[PDB]
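Order of writing sets the chain letters: A, B, C and D. Residues in each chain are counted from 1.
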């Protein structure tokens, strides 16, 4: 398939993860057509988040939106690494926020983020949970609020003096222990989840066709007793040692966009360096389509 | 396996349907040990329904109850035809009610039946829905009340001048159109069900492992529009013409006991005869096990 | 416009009331294709009401359903007189119920009727509210239940020795006093309505575009005081003396199908005759369309 | 004061009870102007109850309605005996229902009556609670339903071979034991009232100015214990032996209309006679005024 305005190819890590790259021409026209709205105008007026999405999609002859949706909702796939030729440097952070906003608002809506007070959040890492030699464990987002998070978007804004730190991904259908954990008696028992109002939901559920989906994070699940706590500790080990995990470099200017129901994500350890600098932007939300 | 007090063999119709026959000795001892409780005492005091179950199970060295449960809950099976050597005539109707009560109360509890005002009901057929030349369509029981019916028990009390009229059975896993109907967009949409307070639930759902189960009856489903109504009418035809349907003679003194979640049941047409007489007893309820 | 399977022409009474007549060929094929479902099967299985609708629509090359909907929802129209060549005698009552059922279930669903215990009701008139010399006052149906009745269907099944008795119709946009009553302070005040649980709603409301619609009947409105009661009594007189009222003979085998939000209906007086016989069928329900 | 269409004079029993008599001319014009509505039309269409009220009031140059309201709401009065010259015989029962309906619907609305299924009820007495030698104890109406009854209307339709049976009345401000019972600790304690859903309210309350009002009947009050029951039994005796009670003959064609908050009513004993005949009509409701 030859698409209008972008190309599409499988990643080096997995055929489940597709790489979508906007052509230089699409990128220039996009930036020109959204220059009248600074990032602040997107912050203030949520309708402009959808408008910039429409602008990008029209520049791709209305082929982008159905491709995004089909890829993210397809159980066999459900993940994209996305970039635009010519947006690849920390000095273009505003342009990166604009691009990611447009893509996200073609498939749904980005929820309010408590860490920033906006629909997206940016974080800066320089040199117990912020240990460089520790892996951030695989998890799903949104486990401690009532409404389901359908997607997670993570964009690399900057990277300096950085060895390691790849994003880690696990698709449930590549996880060799899924069948063992999904069939356990505890799998579909509602458990308490709390951040530091509590919600109750199981670790596993099923999609419309009956296939397993997952809502799990070690930090926010609150086992009520020994039985639950021992089972969860083993679950954790069975995720973290999986042979199906992907290790994905996210270069500056690219972002991962993944279906949060059947992908888990995390982050690899990295080398400490006095002049290390890593900057990320995230957006999480719900799918909505006509 | 040689069981104590009963034998067990697959039916002529399907390996999914097992035939359990209590030996003559078990039958005589059972009747002796429950003779102090007439059927009326079972009607009045629901604990005696469980007591007579315990009596039958003890006579089978406590092998009956786990066999019943495992067979009814096993997706590959989930149906029994049950009888007792020496109970085979309409004059022993009381003994038949006692036997069926004991078996049912080993796996759960029989619900109140509006047609009789008791935990079981008996009906007598002699010569538009009571047409002999019409098939009673395949359906699940309990579709129009809030709590799920897990089992259906149908016992033949009497049969005279009767050609045809077999019980019809369809296990979902023998139904060739299951995949087509379970994946349709309407399959898991809650629909209104009413008898002649309304409840809302879908036609299809899933068991704990994600496999399809069904709660359907043509008469009590109330489609809200053309879309729903046309789809249900086709569903009906796809059930009634299935090649997977079993045709099971139920002789006097035997009863079918089936898992109402993944078996549908109905009844075949029969020949009119001036001196026809058919008498049935039913019991429906929920599973409960330690 | 030449339609496939039916013709369509304005009535002698008003361009707002269109007459739709199924051709003889459509009628014969329709009756052949629904002969396997007697009226009782429609009573028992509500999905078959939609199926017979689909059968009629397919015979009209799928032109009937969009024509019905557009006519009934069009403010300038909203009423049909409908018949089928060859169905015109009391001996074909079953065929008349089948036809009217098919048409109704193409535009929505007919609600349960307390007078019959079915989705339609038939009534037989032979020789204070059943006085022949009295007009049945113009009204809307469904005024004393919570959910809105969108349509009313009234079919003449039989008529013998009958002088007068036409159906009376008033479209709000032909009512010369609408503006006076819709602007009164009482027009949009919720009032109590009860049949002989009470509901509360105003006599007037507005459609989506802001135009007046009405939910009124003299018998079931319960004014709470002198002010309300005097105003309603004048409203009544202003309806009953309107110059915009239509007088429509409904011959045997025809039925009126009207939008109950902006049409009121009633019935004219008639001559007593020892051997008078009039038989009607009604169906009332809600619109539903994809 | 000379009123238009009626005269007004204090009763022989008490200055608190005024007698209002419609003149012969007002009566004839009233009957002429309401002849198009039989009593059945009033039953069917509650707005006509208010319309006939308007007709009577207009014939009294709009002086009747404010006189009715002021008299019934005035604490010093609150009771009327009402009649119309020329309506005085059982053969004019329909005219009596029309008159009483008009008066009542000028001051409020008559509630549904369970004994008749209509807004008024008629009863016929001929020769333990229906003993002739027993007094019907003084009480307030409406004590066992949630909403307050503000007025009681009792009209004599017929009387034959009748000695005694006067209506008994007690205004709270003529009751010598009021102060003793109103100040008791139990006076304002909510008690259970039930007819043969229960409501809870005290025996005494206060009007807007802080003056005592009463909601009491011996038959429907349900004391919860010895304390309540003994106090109520003494209350009863203190009402029934009061020196303030009025004894009012109600002749055929007249009706009492009383404020049910500060008047109690009952009925005196009477002589048995083989050919006794007494016929009453009642209406009870709430006040409503602009």
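Criterion: a contact is a pair of C-beta atoms (placed from the backbone, for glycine too) under 8 Å apart; a residue touches a chain by one contact, two chains touch by 3 or more.
When the C-beta pairs in contact are tallied for B-C and for A-B, the bigger tally goes to B-C. In this entry, B-C is the pair from B-C or A-B that repeats the interface of C-D, since more than half of their contact pairs coincide by residue number. Averaged Cα coordinates give subunit A a centre that lies 77 Å from the centre of subunit D. In whole angstrom, the spacing between the mean C-alpha positions of subunit B and subunit C is 45.
Each chain gets a centre from the mean of its Cα atoms; for subunit A and subunit B, those two points are 49 Å apart.
Touching of two or more other chains is recorded for no residue of subunit A. Residues 182-183, 188, 206, 208-212 of subunit A touch subunit B in their complex.
Listed in rising order, the residues of subunit B touching subunit C in the complex are 128-129, 196, 218-219, 221-230, 232-233, 236.
Those residues of subunit D that touch subunit C in the complex are listed here as 38, 40-41, 44-51, 53-54, 65, 105-106, 108-109, 117, 288-290.
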